[PDB]
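As structure tokens, one chain now follows by itself in the form deposited in one PDB entry.
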């Protein structure tokens, strides 16, 4: 027996010595040293210090630079708002709880932080998906006559909200649940204990299929098409040096975007899959934190990839950061 169960929680440490306490009531210094809790706070501190300015700066330059306010940019703004839900719903809460060594806000607060942290990360994910769809549509022109405008952009944003709710909301009302996780200082979807009263198993399958596999398939198709279209245009236009460059830069971005998506979600997927296939084995607190590390850090690296590496945003950020010049 590798853990300790409780009404709203599961502590990945055995209570044979009787030292385990509820993650809502007392420090968890028996499942990790105090210093590792410090390191956890240090880490959240990093993600806040990098993730706040980068994502906020994104919203700010958009207010300052008329040119950024175009429909194809809406989903990138959305992305930055989502990253901010992660930073304030999740990262700050976790900075705070980790320094107490347990989830001091209790089961209801567990639901608040789990909801907003999950909402944020899911809006982000569906943003990356919608952005790929939009790009496919605009560049690959799979629909004759179609012109992408404001209204489609809004529908793209709303779609992500809805897909995110379809993921974060259920565990608030019967299907899966939010419980503290890994080191018990932050809360997420219970994807690792069979808890029939909430139907964890099927929810995990739904997550895997609808919120990982679909996303992954849509992104590969769209960007695969996009790279194909751009290779073809270039091959038919080798007299144009610019076009040859666009093809190289675009292929490079796609590799980067796709690898980044994998790094962010594959670990959670790989771990949820394993646990599902190897029922209730000894999964330690620090091991359950690895997929979380990968997913959470995306509130920094996504804006680097999708915002800072985008010529327009970058120029506008530079102009705004240098007080108005250059």
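Each form is matched to the other, and the largest set of C-alpha atoms that superpose within 1.5 Å is called the rigid core. Numbering follows the first chain given and starts at 1.
The form deposited in another entry exists for this protein as well; it is not shown, and the discussion that follows is about that form.
K.L.:
With the rigid core superposed, which of 99, 162, 255, 155 has its C-alpha shift by 2 Å or more between this form and the one not shown?
P.N.:
Single hit from the list, 255.
K.L.:
Does residue 288 move its CA by 2 angstroms or more between this form and the one not shown when the core is aligned?
P.N.:
Shift at residue 288: below 2 Å after core fit.
K.L.:
Does the C-alpha of residue 192 move 2 Å or more between this form and the one not shown once the rigid core is lined up?
P.N.:
Yes; residue 192 is a residue whose C-alpha shifts (by 2 Å or more) between this form and the one not shown when the cores are overlaid.
K.L.:
I want to check residue 11: does it shift between this form and the one not shown by 2 Å or more at the Cα, with the core superposed?
P.N.:
False for residue 11: its C-alpha shift is below 2 Å.
K.L.:
Quick one: with a 3 Å or larger change, is the residue 307 to residue 161 CA distance smaller or larger in the other form? Answer closer or farther.
P.N.:
It is farther: in the other form, the C-alpha atoms of residue 307 and residue 161 lie at least 3 Å more apart than they do here.
K.L.:
Since the Cα-Cα distance for residue 307 and residue 157 shifts by 3 angstroms or more in the other form, is it a contraction (closer) or an expansion (farther)?
P.N.:
Farther is correct, given that in the other form the C-alpha spacing of residue 307 to residue 157 is increased by at least 3 Å.
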